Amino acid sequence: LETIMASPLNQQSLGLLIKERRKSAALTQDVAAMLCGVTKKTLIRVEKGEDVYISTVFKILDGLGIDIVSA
């Protein structure tokens, strides 16, 4: 039962997680923005790790089927 040193999410890596999930689902920023109910600009801000309201982030996570949990 190998005990490894991994890392928790911060603001930047969350954006990158979102980006990777959007890309793996073959969705453009426009389409994903449509699915998540945000503007392309907002999605772009989030993927870049720029500060927004948590509600926006949860809309994005929910729209892309990304689940986050407590460690």
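Numbers follow the displayed sequence, beginning with 1.
Mean CA temperature factor is higher for 3-11 when stretches 62-70 and 3-11 are set side by side in the entry. In the PDB entry, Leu35 places in the highest third of its chain by CA B-factor.
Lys19 sits in the lowest third of its chain by CA B factor, as recorded in the PDB entry. Remark: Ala25 belongs to the highest third of its chain, ranked by C-alpha B-factor as recorded.
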